[PDB]
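1. I would like to see how this sequence folds:
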Amino acid sequence: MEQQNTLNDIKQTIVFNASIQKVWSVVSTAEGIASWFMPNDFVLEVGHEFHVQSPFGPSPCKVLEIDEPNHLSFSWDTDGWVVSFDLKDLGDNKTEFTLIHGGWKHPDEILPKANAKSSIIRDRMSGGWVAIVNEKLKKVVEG
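-> Numbers count the residues shown, from 1 in each chain. Here you go:
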């Protein structure tokens, strides 16, 4: 019939037993995130950039947009990636979580530092993200 084109944005749609407020709290803190991301001093500020502590080198970030009552966006420095966490108010103490992580466009290009097929990192990152999304995060929200 047809095949997919371009690089799809790592989408992770899942429904947790929490509220958009709680789910947001998991994606609007320093300790909460660090509980499923990395040790850093998160900063809820627009155009605010920080630095995290990774065992594989420091990786700063830069907030793009801030909207607790919806979602937020931020870029990834020393890498060239973007991770945005969407939130949907479902109710009944439930909320829809959608992890969107892109960076590349066409399946072929290559980024520095990493230097590897974007499609490879997409799966590599997606996988770990999938688990993390259904490993710590879940434990974070549920916890």
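2. what ranges does the protein have for its helices?
-> In chain order, the chain shows helices spanning 20-25, 31-34, 118-133, 136-142, with DSSP state H as the criterion.
3. what's next to the first one, contact-wise?
-> Meaning helix 20-25. 16, 32, 68-69, 71, 87-90, 95, 97, 141 (Cβ atoms under 8 Å, 6 or more residues apart in numbering). C-beta coordinates here come from the backbone N, C-alpha and C atoms, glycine included.
4. ok, the closest residue in space to residue 29 that isn't next to it in sequence - how many residues close by?
-> Nearest residue to residue 29 in three dimensions, chain neighbours excluded: residue 42, at 6.1 Å (Cβ to Cβ, 6 or more residues apart in numbering). As a burial measure, residue 42 scores 20 neighbours (other Cβ atoms under 10 Å).
5. again, but for residue 34
-> Around residue 34 there are 17 other residues, counting by other Cβ under 10 Å.
6. now swap in residue 124 and tell me
-> Other residues near residue 124 come to 13 when the count uses other Cβ under 10 Å.
7. what residue is smack in the middle of this protein?
-> For the chain, the residue whose C-alpha lies nearest the mean C-alpha position (Cα atoms, centre = their mean) is residue 83; its distance is 3.9 Å.
8. contacts only, for that one.
-> Contacts of residue 83 were listed using Cβ under 8 Å, 6+ apart, and they are 74, 76, 99-101.
9. neighbouring strands - and their directions - for the longest strand anywhere in the chain?
-> Secondary structure of the chain read by DSSP state E shows that its longest strand is strand 81-91. Sheet pairing of strand 81-91 (DSSP bridges) gives strand 71-76 (antiparallel), strand 94-102 (antiparallel).
10. so what's the residue count around residue 39?
-> In terms of burial, residue 39 registers 13 neighbours under the definition other Cβ under 10 Å.
11. so it sits against residue 53, correct?
-> Yes. Using Cβ atoms under 8 Å, residue 39 is in contact with residue 53, at 4.5 Å.
12. check which residues of stretch 117-137 are buried.
-> Of the residues in stretch 117-137, those with enough neighbours to count as buried (16 or more other Cβ atoms under 10 Å) are 118, 121-122, 125-126, 129, 132-133, 136-137.
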